[PDB]
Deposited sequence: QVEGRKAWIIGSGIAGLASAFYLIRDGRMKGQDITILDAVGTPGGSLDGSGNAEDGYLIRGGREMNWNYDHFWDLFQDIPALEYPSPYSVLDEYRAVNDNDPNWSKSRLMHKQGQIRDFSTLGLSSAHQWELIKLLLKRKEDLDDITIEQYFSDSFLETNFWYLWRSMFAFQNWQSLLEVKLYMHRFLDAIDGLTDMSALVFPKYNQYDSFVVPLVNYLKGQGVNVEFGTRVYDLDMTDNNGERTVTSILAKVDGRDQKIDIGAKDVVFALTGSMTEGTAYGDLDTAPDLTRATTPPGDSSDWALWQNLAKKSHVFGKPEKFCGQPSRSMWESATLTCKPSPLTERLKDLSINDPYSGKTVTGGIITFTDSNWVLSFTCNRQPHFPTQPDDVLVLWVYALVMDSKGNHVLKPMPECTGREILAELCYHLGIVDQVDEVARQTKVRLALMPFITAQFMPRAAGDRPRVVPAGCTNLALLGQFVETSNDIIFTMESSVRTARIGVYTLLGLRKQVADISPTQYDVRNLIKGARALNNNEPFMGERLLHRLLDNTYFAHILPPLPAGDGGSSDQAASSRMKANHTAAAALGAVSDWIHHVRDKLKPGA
């Protein structure tokens, strides 16, 4: 307790750990150092897009619900554009409690029309499947995949088209994550259809959340060390209990060695999701001691650190491609006016979340967030984000696999499914598109067994905590920022010092939603026993 803290990794997970060390660990920023491997900001290794190239969204999937971790954290961060003592939480709830998020054209098909998404579209064996899924033990679902467990007809329901699009989830990936979602969002499973439970910032997560958080940390005195890629930790293992001795990093191409005392504590983001990303664009194409080194060397030391080869093994399985579109007005945005909750330029929500083309062989989705998306972007430009799931198949209009098809060609498949395939040439020159083909963007979703991921504090560790989407808590990793903050809090709390599924009202909210808003099995009975009792309100009304 006159110790220092070392934080390996620049991200929401790392910054949140520093915050929790300051507020609730009662240590000072001067004893905190963040080890980053970025150059300095943005130049040749561009920071986060330029307004004259065409912008390039980090990559990828940044969606938020109203969880308690966010409220507890960003309640103490000074706002982005407001004076003291207004927080970023107050900005978040000001711009969003006025204009709530909900979708009008969530599912589309037949090259321009909306597929009815009022209900989840489950029959009866499908409902039984998820209920049977909810009842299975976690010990009995090792390596079982989505398509293995689920029926063939289930993967064509509204439910699966919505779920796989929302989380960018492949049919060959972990069943445990779908189960974990059920156990945690039964109350809100109706929201998968209208996007009610989703809530967005004014700008990005970076510009609206992390940028106020970094400013706050600098105003607290935390140390930053760029150009530092950590590849291993040397640790002692006496009495079956381990402590970190040194950080073996390579700084600016030369080995360094950072000494760690017994009192100090170390936080490390383990895996990567943006490793071998090829950044092609409109006319050229993508092509194809790393960030996985730290975890791989840790895996050699003991089994309590898991098997990273199970997540970075097959890069064709954990890969999909995004594309950032910068549009000056064209028939693409004219069509977009027809599918929007408001107007794109209004400043309010527009598409209300992603829009997924269901009969697209690519499983192609696209979103127009609350415009403007970036602080420095002009009023005659809109930033749309597009991405797809299947990298193996020919498009419906462009008979090219999407990893081989680039830029302009992506506009044709998109405009075909939008109902403006005859007006491609006009939108093609007016919209700047930059692509990102990420080979580990879903490596956390890969099939796994018990022990494959280490806990936030593995058994024995006294000064090392791991963060991110590759660590075993008791929760899902499908929400990227939420999971980063949760692990950060567990890490800081454990080394120092320190529900919804069982709710009867939620099981009724779930069962009715699973049965497409129609009265479910025991409901007619539950009304007759409860309509004249204290518990009348737990049931929804019948037609």
{"item": "Deposited residues absent from the coordinates (by C-alpha)", "value": "1 to 2, 291 to 299, 510 to 517, 563 to 605"}
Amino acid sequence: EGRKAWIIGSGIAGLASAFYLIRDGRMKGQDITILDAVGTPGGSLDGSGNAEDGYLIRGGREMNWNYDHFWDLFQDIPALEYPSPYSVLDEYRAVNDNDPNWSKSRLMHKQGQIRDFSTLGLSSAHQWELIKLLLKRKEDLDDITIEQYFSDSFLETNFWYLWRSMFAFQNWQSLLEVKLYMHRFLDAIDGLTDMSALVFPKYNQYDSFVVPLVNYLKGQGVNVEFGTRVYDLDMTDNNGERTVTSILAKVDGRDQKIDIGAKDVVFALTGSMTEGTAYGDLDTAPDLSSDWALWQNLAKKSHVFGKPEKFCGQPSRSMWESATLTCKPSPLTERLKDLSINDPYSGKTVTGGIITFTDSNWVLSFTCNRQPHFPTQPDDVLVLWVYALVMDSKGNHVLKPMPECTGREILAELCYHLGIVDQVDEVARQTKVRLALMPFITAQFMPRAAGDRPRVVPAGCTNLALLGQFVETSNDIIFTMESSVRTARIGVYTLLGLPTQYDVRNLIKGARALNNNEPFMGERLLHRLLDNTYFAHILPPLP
From here on, numbers count along this sequence of modelled residues.
item: Residue stretch of maximal mean CA temperature factor, 291 to 299 vs 325 to 333; value: 325 to 333
item: Mean C-alpha B-factor comparison - 499 to 507 and 46 to 54, higher one; value: 46 to 54
item: Highest-ranked of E129, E404, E472, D140 once sorted by CA temperature factor in the record; value: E404
item: From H183, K310, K202, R455, residue of greatest CA B-factor; value: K202
item: Record-listed C-alpha B factor of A513: chain third; value: lowest
item: Chain-relative CA temperature factor third for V38; value: highest
item: Ranked C-alpha temperature factor of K104 among modelled chain residues, by third; value: middle
item: Relative C-alpha B-factor of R242, binned into the chain's lowest, middle or highest third; value: highest
item: For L269, the third of its chain into which the C-alpha B factor falls; value: lowest
